[PDB]
file structure35.cif (mmCIF, C-alpha atoms)
data_query
#
loop_
_atom_site.label_atom_id
_atom_site.label_comp_id
_atom_site.auth_asym_id
_atom_site.auth_seq_id
_atom_site.Cartn_x
_atom_site.Cartn_y
_atom_site.Cartn_z
CA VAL A 1 -22.67 -4.69 -23.05
CA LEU A 2 -25.07 -3.93 -20.20
CA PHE A 3 -22.70 -4.69 -17.31
CA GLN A 4 -19.18 -3.54 -18.09
CA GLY A 5 -15.97 -5.10 -16.80
CA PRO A 6 -13.31 -2.41 -16.36
CA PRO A 7 -9.90 -3.67 -15.42
CA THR A 8 -8.59 -3.78 -11.88
CA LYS A 9 -5.22 -3.68 -10.17
CA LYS A 10 -4.18 -4.78 -6.71
CA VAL A 11 -0.99 -4.42 -4.74
CA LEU A 12 -0.27 -7.37 -2.43
CA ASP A 13 2.26 -8.24 0.25
CA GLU A 14 4.00 -11.61 0.53
CA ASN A 15 1.01 -13.18 2.23
CA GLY A 16 -1.19 -12.17 -0.64
CA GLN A 17 -3.01 -9.39 1.26
CA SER A 18 -3.76 -6.06 -0.24
CA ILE A 19 -1.49 -3.28 0.82
CA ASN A 20 -3.20 -0.49 -1.09
CA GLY A 21 -2.69 2.88 0.57
CA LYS A 22 0.24 1.60 2.73
CA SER A 23 3.89 2.61 2.94
CA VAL A 24 6.89 0.83 1.64
CA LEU A 25 10.68 1.20 1.75
CA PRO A 26 13.27 2.16 -0.91
CA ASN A 27 14.28 -1.46 -1.47
CA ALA A 28 10.63 -2.70 -1.84
CA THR A 29 9.35 -4.76 -4.73
CA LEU A 30 5.85 -3.65 -5.74
CA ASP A 31 3.91 -6.84 -6.52
CA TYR A 32 0.88 -6.02 -8.54
CA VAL A 33 -1.94 -8.13 -9.80
CA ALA A 34 -3.84 -6.71 -12.66
CA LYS A 35 -6.91 -8.00 -14.35
CA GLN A 36 -8.08 -7.61 -17.91
CA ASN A 37 -11.78 -8.52 -17.75
CA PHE A 38 -13.51 -10.43 -20.53
CA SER A 39 -16.26 -12.37 -18.64
CA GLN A 40 -18.73 -9.71 -19.81
CA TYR A 41 -18.28 -10.76 -23.38
CA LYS A 42 -19.01 -14.42 -22.90
CA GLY A 43 -21.09 -15.58 -25.87
CA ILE A 44 -20.99 -12.23 -27.71
CA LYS A 45 -21.43 -12.22 -31.45
CA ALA A 46 -19.08 -9.38 -32.31
CA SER A 47 -18.69 -8.13 -35.86
CA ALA A 48 -15.58 -8.96 -37.85
CA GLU A 49 -14.87 -5.21 -37.86
CA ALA A 50 -15.15 -4.99 -34.06
CA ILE A 51 -12.93 -8.04 -33.52
CA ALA A 52 -10.37 -6.57 -35.91
CA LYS A 53 -9.81 -3.58 -33.55
CA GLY A 54 -8.29 -6.09 -31.12
CA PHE A 55 -7.60 -6.16 -27.43
CA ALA A 56 -5.10 -3.97 -25.64
CA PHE A 57 -4.10 -3.80 -22.01
CA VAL A 58 -2.27 -0.80 -20.62
CA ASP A 59 -0.30 -0.47 -17.42
CA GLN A 60 0.71 3.09 -16.51
CA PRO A 61 3.03 3.47 -13.52
CA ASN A 62 3.97 6.96 -12.23
CA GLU A 63 7.54 8.30 -12.21
CA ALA A 64 8.46 6.35 -9.11
CA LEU A 65 8.64 2.99 -10.64
CA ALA A 66 11.73 1.50 -12.20
CA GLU A 67 12.31 -1.88 -13.91
CA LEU A 68 9.25 -4.15 -14.60
CA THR A 69 9.39 -7.89 -14.25
CA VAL A 70 6.44 -9.71 -15.80
CA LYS A 71 6.03 -12.77 -13.59
CA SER A 72 3.11 -14.28 -15.54
CA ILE A 73 0.20 -13.49 -17.85
CA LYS A 74 -2.54 -16.13 -17.45
CA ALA A 75 -6.06 -16.69 -18.59
CA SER A 76 -8.59 -17.73 -15.95
CA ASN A 77 -8.65 -21.19 -17.56
CA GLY A 78 -4.95 -21.56 -16.46
CA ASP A 79 -3.42 -20.94 -19.97
CA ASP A 80 -0.18 -19.05 -20.26
CA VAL A 81 -1.17 -16.37 -22.82
CA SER A 82 2.20 -14.34 -22.65
CA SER A 83 3.20 -15.63 -26.17
CA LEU A 84 -0.07 -14.42 -27.68
CA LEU A 85 0.48 -10.82 -26.58
CA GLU A 86 2.79 -8.19 -28.00
CA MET A 87 4.63 -6.33 -25.18
CA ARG A 88 5.31 -2.63 -25.88
CA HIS A 89 7.15 -0.27 -23.61
CA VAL A 90 7.12 3.42 -24.62
CA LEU A 91 8.31 6.62 -23.10
CA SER A 92 5.27 8.42 -24.52
CA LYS A 93 2.31 7.61 -26.65
CA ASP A 94 3.97 9.66 -29.39
CA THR A 95 6.44 6.76 -30.02
CA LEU A 96 3.66 4.35 -30.94
CA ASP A 97 2.78 3.82 -34.53
CA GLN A 98 -0.08 5.86 -35.83
CA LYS A 99 -2.44 2.90 -35.86
CA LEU A 100 -2.03 2.29 -32.15
CA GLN A 101 -2.10 5.98 -31.27
CA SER A 102 -5.37 6.26 -33.08
CA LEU A 103 -6.67 3.14 -31.31
CA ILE A 104 -5.95 4.49 -27.87
CA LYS A 105 -7.11 8.01 -28.69
CA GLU A 106 -10.50 7.00 -30.13
CA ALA A 107 -10.89 4.72 -27.08
CA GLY A 108 -10.58 7.71 -24.84
CA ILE A 109 -7.32 6.51 -23.27
CA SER A 110 -4.63 9.18 -22.88
CA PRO A 111 -1.69 7.99 -20.75
CA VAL A 112 0.33 10.81 -19.33
CA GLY A 113 3.83 9.38 -19.57
CA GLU A 114 5.82 6.21 -20.02
CA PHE A 115 3.68 3.06 -20.09
CA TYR A 116 3.48 -0.60 -21.02
CA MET A 117 0.94 -2.10 -23.32
CA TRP A 118 0.08 -5.67 -24.33
CA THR A 119 -1.87 -6.25 -27.51
CA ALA A 120 -3.31 -9.37 -28.98
CA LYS A 121 -1.06 -10.49 -31.85
CA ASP A 122 -3.88 -12.33 -33.58
CA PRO A 123 -7.16 -10.60 -32.56
CA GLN A 124 -9.35 -13.23 -34.22
CA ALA A 125 -7.68 -16.20 -32.49
CA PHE A 126 -7.49 -14.39 -29.19
CA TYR A 127 -11.14 -13.43 -29.45
CA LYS A 128 -12.10 -17.04 -30.18
CA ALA A 129 -9.98 -18.60 -27.52
CA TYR A 130 -10.36 -16.17 -24.63
CA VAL A 131 -12.57 -13.06 -25.12
CA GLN A 132 -15.62 -14.84 -26.56
CA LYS A 133 -15.27 -17.46 -23.85
CA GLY A 134 -15.28 -14.86 -21.17
CA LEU A 135 -11.80 -15.75 -19.84
CA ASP A 136 -10.28 -12.89 -17.86
CA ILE A 137 -6.45 -12.39 -18.10
CA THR A 138 -4.33 -11.79 -15.00
CA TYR A 139 -1.03 -9.93 -15.22
CA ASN A 140 1.38 -10.52 -12.36
CA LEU A 141 3.65 -7.53 -12.53
CA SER A 142 6.49 -6.52 -10.26
CA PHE A 143 8.44 -3.21 -10.11
CA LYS A 144 11.36 -1.85 -8.22
CA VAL A 145 11.29 1.76 -7.06
CA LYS A 146 13.66 4.27 -8.64
CA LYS A 147 16.63 5.14 -6.40
CA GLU A 148 15.95 8.88 -7.00
CA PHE A 149 12.35 8.65 -5.78
CA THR A 150 12.81 9.23 -2.04
CA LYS A 151 9.31 10.39 -1.00
CA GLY A 152 5.78 10.78 -2.24
CA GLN A 153 3.29 8.37 -3.65
CA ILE A 154 3.92 5.42 -5.84
CA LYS A 155 1.08 4.94 -8.23
CA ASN A 156 0.08 2.34 -10.82
CA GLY A 157 -2.99 2.27 -13.02
CA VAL A 158 -4.53 0.12 -15.74
CA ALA A 159 -6.81 0.50 -18.74
CA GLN A 160 -8.19 -1.85 -21.37
CA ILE A 161 -9.35 -1.43 -24.87
CA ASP A 162 -11.79 -4.01 -26.11
CA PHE A 163 -12.89 -3.85 -29.77
CA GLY A 164 -11.76 -0.18 -29.77
CA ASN A 165 -13.69 0.75 -26.63
CA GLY A 166 -11.69 2.03 -23.66
CA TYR A 167 -12.18 1.24 -19.97
CA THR A 168 -10.04 2.65 -17.17
CA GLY A 169 -9.41 0.89 -13.94
CA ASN A 170 -8.43 1.85 -10.47
CA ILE A 171 -5.12 3.40 -9.42
CA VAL A 172 -3.23 1.73 -6.61
CA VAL A 173 -1.12 3.90 -4.35
CA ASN A 174 1.73 3.42 -1.83
CA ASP A 175 3.83 6.01 -0.01
CA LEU A 176 7.61 5.65 -0.22
CA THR A 177 9.26 6.30 3.19
CA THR A 178 12.97 6.78 3.20
CA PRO A 179 14.42 6.04 6.65
CA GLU A 180 16.36 8.77 8.42
CA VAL A 181 18.52 8.63 11.63
CA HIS A 182 20.47 11.14 13.69
CA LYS A 183 23.40 11.15 16.10
CA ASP A 184 24.18 13.50 18.93
CA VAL A 185 26.87 13.55 21.65
CA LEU A 186 25.63 14.52 25.08
CA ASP A 187 27.10 15.00 28.53
CA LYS A 188 24.60 12.30 29.54
CA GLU A 189 21.25 10.84 28.56
CA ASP A 190 18.60 13.59 28.90
CA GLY A 191 21.38 16.20 29.27
CA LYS A 192 22.72 18.73 26.76
CA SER A 193 24.44 18.40 23.39
CA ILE A 194 28.22 18.85 23.63
CA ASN A 195 28.87 18.47 19.95
CA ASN A 196 32.04 20.40 18.95
CA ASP A 197 32.93 21.01 22.63
CA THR A 198 35.93 20.20 24.78
CA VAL A 199 35.66 17.04 26.84
CA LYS A 200 37.92 16.61 29.85
CA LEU A 201 40.12 13.50 29.77
CA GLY A 202 38.42 10.80 31.87
CA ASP A 203 34.90 12.27 31.57
CA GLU A 204 32.11 10.09 30.29
CA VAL A 205 30.07 11.19 27.29
CA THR A 206 26.98 9.60 25.82
CA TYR A 207 26.28 9.07 22.13
CA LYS A 208 22.61 9.27 21.29
CA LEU A 209 21.52 7.31 18.17
CA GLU A 210 18.01 8.43 17.24
CA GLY A 211 16.43 5.52 15.39
CA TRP A 212 13.90 5.96 12.63
CA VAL A 213 10.27 5.67 13.52
CA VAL A 214 8.76 2.90 11.38
CA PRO A 215 5.29 4.35 10.73
CA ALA A 216 1.88 2.81 11.31
CA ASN A 217 -0.02 1.97 8.07
CA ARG A 218 2.99 0.23 6.49
CA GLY A 219 2.69 -2.64 4.00
CA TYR A 220 5.40 -4.90 5.42
CA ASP A 221 6.59 -6.47 8.63
CA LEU A 222 9.82 -5.65 10.35
CA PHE A 223 12.64 -8.10 10.36
CA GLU A 224 15.75 -5.92 10.84
CA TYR A 225 16.16 -2.82 12.97
CA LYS A 226 19.72 -2.21 14.02
CA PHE A 227 22.47 0.28 14.70
CA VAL A 228 26.14 -0.21 13.82
CA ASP A 229 28.44 2.45 15.42
CA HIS A 230 32.18 2.52 14.71
CA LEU A 231 33.60 4.02 17.86
CA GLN A 232 36.93 5.75 17.84
CA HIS A 233 38.10 3.14 20.35
CA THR A 234 41.67 4.66 20.56
CA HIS A 235 40.02 7.53 22.40
CA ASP A 236 36.62 6.27 23.62
CA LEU A 237 36.38 3.35 26.07
CA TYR A 238 32.97 1.68 25.61
CA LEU A 239 31.20 1.28 28.93
CA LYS A 240 27.57 0.37 28.30
CA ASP A 241 24.41 1.03 26.33
CA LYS A 242 20.78 1.71 26.87
CA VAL A 243 17.91 1.24 24.36
CA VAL A 244 14.47 2.76 24.81
CA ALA A 245 11.14 2.90 22.97
CA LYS A 246 10.63 6.20 21.29
CA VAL A 247 6.96 5.62 20.69
CA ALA A 248 4.27 3.52 22.21
CA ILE A 249 4.42 0.14 20.50
CA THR A 250 1.41 -2.16 20.01
CA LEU A 251 1.99 -5.82 19.27
CA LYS A 252 -0.24 -8.09 17.19
CA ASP A 253 -1.97 -9.60 20.29
CA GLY A 254 -2.88 -5.99 21.37
CA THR A 255 -0.16 -5.63 24.08
CA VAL A 256 1.12 -2.04 24.51
CA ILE A 257 4.77 -1.26 25.26
CA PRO A 258 4.77 2.39 26.53
CA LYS A 259 7.04 5.06 25.20
CA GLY A 260 10.24 5.12 27.36
CA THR A 261 10.26 1.39 28.09
CA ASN A 262 13.71 -0.13 28.29
CA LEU A 263 13.85 -2.58 25.31
CA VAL A 264 17.10 -4.40 26.11
CA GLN A 265 15.34 -7.77 26.42
CA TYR A 266 14.42 -7.61 22.68
CA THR A 267 17.97 -6.84 21.55
CA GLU A 268 21.49 -8.12 21.31
CA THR A 269 24.51 -5.84 21.66
CA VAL A 270 27.94 -6.85 20.51
CA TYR A 271 31.08 -4.85 20.88
CA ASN A 272 34.47 -5.54 19.39
CA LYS A 273 37.02 -3.74 21.58
CA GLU A 274 39.79 -4.50 19.00
CA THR A 275 37.95 -2.78 16.06
CA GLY A 276 35.57 -0.27 17.79
CA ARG A 277 32.59 -1.97 16.11
CA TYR A 278 29.44 -1.73 18.21
CA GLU A 279 26.08 -3.19 17.05
CA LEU A 280 22.76 -3.16 18.69
CA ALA A 281 20.16 -5.31 16.88
CA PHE A 282 16.57 -6.02 17.51
CA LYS A 283 15.60 -9.64 17.49
CA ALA A 284 13.59 -10.75 14.51
CA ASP A 285 11.02 -12.76 16.60
CA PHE A 286 10.21 -9.55 18.51
CA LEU A 287 10.04 -7.32 15.43
CA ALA A 288 7.67 -9.91 13.87
CA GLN A 289 5.20 -9.23 16.71
CA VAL A 290 4.85 -5.52 16.06
CA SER A 291 1.46 -4.66 14.56
CA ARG A 292 1.48 -3.04 11.10
CA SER A 293 -0.90 -0.54 12.58
CA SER A 294 1.74 0.48 15.14
CA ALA A 295 4.63 2.88 14.86
CA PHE A 296 7.90 1.51 16.18
CA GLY A 297 11.17 2.94 17.00
CA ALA A 298 13.97 3.21 19.53
CA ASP A 299 16.77 5.45 20.66
CA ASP A 300 20.11 3.92 21.73
CA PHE A 301 22.44 5.66 24.19
CA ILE A 302 26.09 4.54 24.13
CA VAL A 303 28.15 5.68 27.08
CA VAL A 304 31.88 5.86 26.75
CA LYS A 305 34.79 7.28 28.73
CA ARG A 306 37.33 9.63 27.15
CA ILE A 307 40.69 8.03 27.67
CA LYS A 308 42.94 9.84 25.20
CA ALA A 309 43.54 13.39 24.05
CA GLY A 310 42.66 14.57 20.56
CA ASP A 311 39.75 14.96 18.15
CA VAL A 312 37.19 12.32 18.67
CA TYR A 313 34.59 11.58 15.97
CA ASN A 314 31.52 9.35 15.96
CA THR A 315 29.16 8.14 13.17
CA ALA A 316 26.59 5.37 12.99
CA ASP A 317 24.87 3.30 10.31
CA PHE A 318 21.24 2.20 10.70
CA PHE A 319 19.57 -0.75 8.97
CA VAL A 320 15.84 -1.35 8.65
CA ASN A 321 14.72 -4.33 6.49
CA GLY A 322 17.96 -4.15 4.58
CA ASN A 323 17.85 -0.41 3.96
CA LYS A 324 21.07 1.32 5.20
CA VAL A 325 21.31 4.98 6.16
CA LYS A 326 23.90 6.99 8.17
CA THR A 327 23.78 9.54 10.94
CA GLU A 328 25.62 12.78 11.12
CA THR A 329 29.29 12.76 12.22
CA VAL A 330 29.74 14.37 15.61
CA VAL A 331 33.02 15.42 17.29
CA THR A 332 34.44 16.36 20.70
CA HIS A 333 37.94 17.57 21.47
CA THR A 334 40.11 16.73 24.46
#

call {"tool": "encode", "arguments": {"input": "structure35.cif", "output": "structure tokens"}}
result
Amino acid sequence: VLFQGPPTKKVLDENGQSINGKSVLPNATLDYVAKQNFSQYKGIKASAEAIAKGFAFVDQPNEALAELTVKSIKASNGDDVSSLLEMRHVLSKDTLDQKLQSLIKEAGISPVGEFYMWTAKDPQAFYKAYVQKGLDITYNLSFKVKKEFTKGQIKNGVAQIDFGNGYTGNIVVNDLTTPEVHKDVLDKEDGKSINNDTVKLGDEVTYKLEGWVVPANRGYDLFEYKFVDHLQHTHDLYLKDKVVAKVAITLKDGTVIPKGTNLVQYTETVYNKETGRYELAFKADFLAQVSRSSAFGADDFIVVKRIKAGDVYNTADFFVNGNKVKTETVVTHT
């Protein structure tokens, strides 16, 4: 063939836009669209011996990816061709039978690790119905990320073997960003840490919850950004909070919210004085307006008054798009 048709793969967000090279979160589903190209063979008169080598499609994820869901495998004519393909899932090429190891090896395809492969069950019928007609096959594939993969690049590649000839496609890539948050206890906002120190009965102290900075160049929009702090309300009387932008935030219309801006208008605070449960949550309609090309984050300052003697602990949980993480535990003594 004069003009070859190597396979391709894309990674798409929920709107169908490519998010190649962008970051995602631990709870992300990677939604890939892979193409096995046959349009180059339209009208070919392949030998019976060539056709007999069949048609294989390989997807090779890196170590980051966990369970695969095959959403669909469709020819460009709209046919569901999933029943015509044998699905194999191997931890190494060494577990394939010798026939298929020889096929991939002589095709020049040498997958490094664990991969998935789909082969035509009846190469002659598949050739007649799809390859010879030039009908490309689209694999809609979705993966979760392994819980143990907490940073680095997620990668997924494809290859195809047509009549025993191998073609390798592109490798899509996404960085996995695990959120992280911190807690400190201060004499006041912009003051000094007093963690592990003595606090005089009746003094105010301020908890600082350092939110995670959602990075620019992410492949998703924000819908949840919130802190839940369980105050030791037997000892700490909640007085008030303060939430501020920790980075300069650009919205989708181009508006800039400077670092240090008070963000209260975009949040809701609720405090249960019976339980000690404080929550500060960003509103979803606001979060929706942050540009994907903008970082975003906030710090929250909770001021309380010490109204009982003893050891007083604080910890907070942080949620971003359903991903929960915890701060340190801090303590003061009175």

call {"tool": "resolve_selection", "arguments": {"input": "structure35.cif", "expression": "the PyMOL selection byres ((chain A and resi 115-125) around 9)", "output": "PDB file with C-alpha atoms, keeping the file's coordinate frame"}}
result
ATOM      1  CA  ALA A  48     -15.580  -8.960 -37.850  1.00  0.00           C
ATOM      2  CA  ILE A  51     -12.930  -8.040 -33.520  1.00  0.00           C
ATOM      3  CA  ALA A  52     -10.370  -6.570 -35.910  1.00  0.00           C
ATOM      4  CA  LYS A  53      -9.810  -3.580 -33.550  1.00  0.00           C
ATOM      5  CA  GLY A  54      -8.290  -6.090 -31.120  1.00  0.00           C
ATOM      6  CA  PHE A  55      -7.600  -6.160 -27.430  1.00  0.00           C
ATOM      7  CA  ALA A  56      -5.100  -3.970 -25.640  1.00  0.00           C
ATOM      8  CA  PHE A  57      -4.100  -3.800 -22.010  1.00  0.00           C
ATOM      9  CA  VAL A  58      -2.270  -0.800 -20.620  1.00  0.00           C
ATOM     10  CA  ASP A  59      -0.300  -0.470 -17.420  1.00  0.00           C
ATOM     11  CA  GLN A  60       0.710   3.090 -16.510  1.00  0.00           C
ATOM     12  CA  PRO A  61       3.030   3.470 -13.520  1.00  0.00           C
ATOM     13  CA  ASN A  62       3.970   6.960 -12.230  1.00  0.00           C
ATOM     14  CA  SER A  83       3.200 -15.630 -26.170  1.00  0.00           C
ATOM     15  CA  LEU A  84      -0.070 -14.420 -27.680  1.00  0.00           C
ATOM     16  CA  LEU A  85       0.480 -10.820 -26.580  1.00  0.00           C
ATOM     17  CA  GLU A  86       2.790  -8.190 -28.000  1.00  0.00           C
ATOM     18  CA  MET A  87       4.630  -6.330 -25.180  1.00  0.00           C
ATOM     19  CA  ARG A  88       5.310  -2.630 -25.880  1.00  0.00           C
ATOM     20  CA  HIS A  89       7.150  -0.270 -23.610  1.00  0.00           C
ATOM     21  CA  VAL A  90       7.120   3.420 -24.620  1.00  0.00           C
ATOM     22  CA  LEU A  91       8.310   6.620 -23.100  1.00  0.00           C
ATOM     23  CA  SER A  92       5.270   8.420 -24.520  1.00  0.00           C
ATOM     24  CA  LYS A  93       2.310   7.610 -26.650  1.00  0.00           C
ATOM     25  CA  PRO A 111      -1.690   7.990 -20.750  1.00  0.00           C
ATOM     26  CA  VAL A 112       0.330  10.810 -19.330  1.00  0.00           C
ATOM     27  CA  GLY A 113       3.830   9.380 -19.570  1.00  0.00           C
ATOM     28  CA  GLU A 114       5.820   6.210 -20.020  1.00  0.00           C
ATOM     29  CA  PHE A 126      -7.490 -14.390 -29.190  1.00  0.00           C
ATOM     30  CA  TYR A 127     -11.140 -13.430 -29.450  1.00  0.00           C
ATOM     31  CA  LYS A 128     -12.100 -17.040 -30.180  1.00  0.00           C
ATOM     32  CA  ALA A 129      -9.980 -18.600 -27.520  1.00  0.00           C
ATOM     33  CA  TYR A 130     -10.360 -16.170 -24.630  1.00  0.00           C
TER      34      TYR A 130
END

call {"tool": "resolve_selection", "arguments": {"input": "structure35.cif", "expression": "the PyMOL selection byres ((chain A and resi 155-170) around 9)", "output": "PDB file with C-alpha atoms, in the coordinates of the input"}}
result
ATOM      1  CA  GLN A   4     -19.180  -3.540 -18.090  1.00  0.00           C
ATOM      2  CA  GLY A   5     -15.970  -5.100 -16.800  1.00  0.00           C
ATOM      3  CA  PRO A   6     -13.310  -2.410 -16.360  1.00  0.00           C
ATOM      4  CA  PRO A   7      -9.900  -3.670 -15.420  1.00  0.00           C
ATOM      5  CA  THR A   8      -8.590  -3.780 -11.880  1.00  0.00           C
ATOM      6  CA  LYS A   9      -5.220  -3.680 -10.170  1.00  0.00           C
ATOM      7  CA  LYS A  10      -4.180  -4.780  -6.710  1.00  0.00           C
ATOM      8  CA  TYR A  32       0.880  -6.020  -8.540  1.00  0.00           C
ATOM      9  CA  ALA A  34      -3.840  -6.710 -12.660  1.00  0.00           C
ATOM     10  CA  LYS A  35      -6.910  -8.000 -14.350  1.00  0.00           C
ATOM     11  CA  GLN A  36      -8.080  -7.610 -17.910  1.00  0.00           C
ATOM     12  CA  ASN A  37     -11.780  -8.520 -17.750  1.00  0.00           C
ATOM     13  CA  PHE A  38     -13.510 -10.430 -20.530  1.00  0.00           C
ATOM     14  CA  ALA A  46     -19.080  -9.380 -32.310  1.00  0.00           C
ATOM     15  CA  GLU A  49     -14.870  -5.210 -37.860  1.00  0.00           C
ATOM     16  CA  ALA A  50     -15.150  -4.990 -34.060  1.00  0.00           C
ATOM     17  CA  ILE A  51     -12.930  -8.040 -33.520  1.00  0.00           C
ATOM     18  CA  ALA A  52     -10.370  -6.570 -35.910  1.00  0.00           C
ATOM     19  CA  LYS A  53      -9.810  -3.580 -33.550  1.00  0.00           C
ATOM     20  CA  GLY A  54      -8.290  -6.090 -31.120  1.00  0.00           C
ATOM     21  CA  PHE A  55      -7.600  -6.160 -27.430  1.00  0.00           C
ATOM     22  CA  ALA A  56      -5.100  -3.970 -25.640  1.00  0.00           C
ATOM     23  CA  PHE A  57      -4.100  -3.800 -22.010  1.00  0.00           C
ATOM     24  CA  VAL A  58      -2.270  -0.800 -20.620  1.00  0.00           C
ATOM     25  CA  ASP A  59      -0.300  -0.470 -17.420  1.00  0.00           C
ATOM     26  CA  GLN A  60       0.710   3.090 -16.510  1.00  0.00           C
ATOM     27  CA  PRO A  61       3.030   3.470 -13.520  1.00  0.00           C
ATOM     28  CA  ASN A  62       3.970   6.960 -12.230  1.00  0.00           C
ATOM     29  CA  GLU A  63       7.540   8.300 -12.210  1.00  0.00           C
ATOM     30  CA  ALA A  64       8.460   6.350  -9.110  1.00  0.00           C
ATOM     31  CA  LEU A  65       8.640   2.990 -10.640  1.00  0.00           C
ATOM     32  CA  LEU A 103      -6.670   3.140 -31.310  1.00  0.00           C
ATOM     33  CA  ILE A 104      -5.950   4.490 -27.870  1.00  0.00           C
ATOM     34  CA  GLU A 106     -10.500   7.000 -30.130  1.00  0.00           C
ATOM     35  CA  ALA A 107     -10.890   4.720 -27.080  1.00  0.00           C
ATOM     36  CA  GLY A 108     -10.580   7.710 -24.840  1.00  0.00           C
ATOM     37  CA  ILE A 109      -7.320   6.510 -23.270  1.00  0.00           C
ATOM     38  CA  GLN A 153       3.290   8.370  -3.650  1.00  0.00           C
ATOM     39  CA  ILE A 154       3.920   5.420  -5.840  1.00  0.00           C
ATOM     40  CA  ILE A 171      -5.120   3.400  -9.420  1.00  0.00           C
ATOM     41  CA  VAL A 172      -3.230   1.730  -6.610  1.00  0.00           C
ATOM     42  CA  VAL A 173      -1.120   3.900  -4.350  1.00  0.00           C
ATOM     43  CA  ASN A 174       1.730   3.420  -1.830  1.00  0.00           C
ATOM     44  CA  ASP A 175       3.830   6.010  -0.010  1.00  0.00           C
TER      45      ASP A 175
END

call {"tool": "closest_residue", "arguments": {"input": "structure35.cif", "among": "A:314, A:76, A:20, A:69", "to": "residue 331 in chain A", "atoms": "only C-alpha atoms"}}
result
A:314

call {"tool": "residues_near_point", "arguments": {"input": "structure35.cif", "point": "(1.4, -9.2, 0.6)", "cutoff": "12 Å", "atoms": "only C-alpha atoms", "output": "JSON, numbers by chain"}}
result
{"A": [10, 11, 12, 13, 14, 15, 16, 17, 18, 19, 20, 22, 24, 28, 29, 30, 31, 32, 33, 218, 219, 220, 221]}

call {"tool": "residues_around", "arguments": {"input": "structure35.cif", "residues": "range 286-293 of chain A", "least_positions_apart": "2", "cutoff": "7 Å", "atoms": "all atoms listed in the file", "output": "JSON, numbers by chain"}}
result
{"A": [216, 217, 218, 221, 222, 223, 250, 251, 252, 266, 282, 283, 284, 295]}

call {"tool": "resolve_selection", "arguments": {"input": "structure35.cif", "expression": "the PyMOL selection byres ((chain A and resi 315) around 10)", "output": "list in words"}}
result
residues 182, 183, 184, 207, 209, 228, 229, 230, 231, 232, 313, 314, 316, 317, 326, 327, 328, 329, 330 and 331 of chain A

call {"tool": "decode", "arguments": {"input": "structure35.cif", "residues": "range 202-212 of chain A", "atoms": "N, CA, C and O atoms", "output": "tab-separated table (two decimals), in the first residue's frame"}}
result
chain	number	residue	atom	x	y	z
A	202	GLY	N	-9.40	31.35	76.81
A	202	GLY	CA	-10.03	32.55	76.34
A	202	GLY	C	-9.30	33.19	75.17
A	202	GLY	O	-9.82	34.07	74.53
A	203	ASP	N	-8.11	32.73	74.82
A	203	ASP	CA	-7.45	33.29	73.63
A	203	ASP	C	-8.13	32.70	72.40
A	203	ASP	O	-8.79	31.59	72.47
A	204	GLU	N	-8.09	33.50	71.34
A	204	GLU	CA	-8.46	33.04	70.01
A	204	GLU	C	-7.25	32.34	69.36
A	204	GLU	O	-6.12	32.76	69.55
A	205	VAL	N	-7.54	31.35	68.53
A	205	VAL	CA	-6.52	30.77	67.66
A	205	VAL	C	-7.20	30.58	66.31
A	205	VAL	O	-8.46	30.39	66.22
A	206	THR	N	-6.37	30.56	65.29
A	206	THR	CA	-6.86	30.41	63.92
A	206	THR	C	-6.35	29.11	63.30
A	206	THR	O	-5.15	28.91	63.21
A	207	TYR	N	-7.26	28.25	62.85
A	207	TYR	CA	-6.86	27.13	61.99
A	207	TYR	C	-6.73	27.57	60.54
A	207	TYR	O	-7.62	28.21	59.97
A	208	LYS	N	-5.59	27.23	59.94
A	208	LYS	CA	-5.37	27.48	58.54
A	208	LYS	C	-5.48	26.13	57.76
A	208	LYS	O	-4.72	25.21	58.03
A	209	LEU	N	-6.46	26.05	56.86
A	209	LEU	CA	-6.62	24.93	55.95
A	209	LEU	C	-6.10	25.34	54.60
A	209	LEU	O	-6.65	26.21	53.97
A	210	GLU	N	-4.96	24.76	54.20
A	210	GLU	CA	-4.31	25.09	52.93
A	210	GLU	C	-4.92	24.17	51.89
A	210	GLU	O	-4.60	22.97	51.82
A	211	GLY	N	-5.81	24.72	51.08
A	211	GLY	CA	-6.38	23.94	49.97
A	211	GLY	C	-5.40	23.52	48.90
A	211	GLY	O	-4.32	24.10	48.73
A	212	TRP	N	-5.80	22.51	48.13
A	212	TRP	CA	-4.91	22.09	47.02
A	212	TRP	C	-5.05	23.03	45.87
A	212	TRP	O	-6.17	23.54	45.60
